[PDB]
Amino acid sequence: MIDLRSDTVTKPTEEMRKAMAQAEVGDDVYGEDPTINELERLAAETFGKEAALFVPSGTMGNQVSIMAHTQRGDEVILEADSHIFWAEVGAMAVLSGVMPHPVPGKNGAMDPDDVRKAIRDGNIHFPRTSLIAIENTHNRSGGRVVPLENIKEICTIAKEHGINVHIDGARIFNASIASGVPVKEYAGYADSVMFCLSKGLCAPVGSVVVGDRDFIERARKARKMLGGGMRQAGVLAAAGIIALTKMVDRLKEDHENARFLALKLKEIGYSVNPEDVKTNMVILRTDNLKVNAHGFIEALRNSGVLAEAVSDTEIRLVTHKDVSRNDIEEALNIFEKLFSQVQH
């Protein structure tokens, strides 16, 4: 088995396992877990923010941010293919009572003039626009990197209208590794940033939200309500400190593996665009195959390669710490074998 379904599947390193076992813990409901308290201090420091909040998932990170940013009946501008809108169970509507206002982007980049256009006038008929969300990297387009200049302009548009900005930075360090832009400088154009520890950085559980002391307080109370108020969570935060402080640099290996994997897949004859591979994700089209995305997933699964389809004709391949160059090469040999068996 070679698991290219997601970078979520990453397993803890031996150093994470030791640190978790011997974590200094307390009751986080009293703010007394010291390893939680230090993870949040580090995260706030790293993003140049006042405060930070550990959460058991990126989904909860994003939804406590929406709650702390909005009142009932607000509208939240977000990209039409973004995670908050497609893969968070409609939570923004049920939990926050807010409307998404989807804006089609280009590989994650919403046209700033479209964002401006989507902001609501004050009129009794209209929800109040109170939040613009930006995802970086943008998952559904293939781990694409949103330009810093795009985020900068959207921040400006938001400040000109008294609207908050949230960065869905589930994979923001990947974006940073690919662009050279430090995450402090990304975060300077947002009121809040959620980032995952449990994807490429290899922690077993959870994410962090960074922002103002005011917002984080409101998000901490939203977390209690949603059920993310844990006890001796320092057992998880120990791994998160390691993930945050020791696992960023090596994301470059994931990017190089993903680039090598795409380059070779095109040489075999698969419909991939190696020029589109910016971070740790490859998109493969089934249009020159006699199967669709789902049938190809089954052939791959049967041959020892796990991937997932993202539409009827597209599959997403994701590299991560538990996929070595040797793994990529053994996967390429499987892809090569099946290719004659799957083409049109």
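The numbering used is simple: start at 1 and walk along the sequence shown.
- Higher mean CA temperature factor, per the PDB entry, when comparing 295 to 303 with 62 to 70: 295 to 303.
- Of the two segments, 268 to 276 and 155 to 163, the one listed with the higher mean B-factor is 268 to 276 (C-alpha atoms only).
- Considering 88, 113, 79, 168 together, the PDB entry gives 113 the largest C-alpha B factor.
- Ranking 127, 227, 204, 211 by Cα temperature factor from the entry places 127 first.
- Residue-level temperature factors show residue 46 in the middle third of its chain, judged at the C-alpha atom.
- Among all modelled residues in its chain, residue 14 ranks in the lowest third by Cα B-factor.
- In the deposited entry, the Cα temperature factor of residue 149 sits in the top third of values across the chain's modelled residues.
- Ranked by C-alpha B-factor against the other modelled residues of its chain, residue 318 falls in the middle third.
- Ranked against the other modelled residues of its chain, the C-alpha B-factor of residue 242 as given in the entry falls in the highest third.
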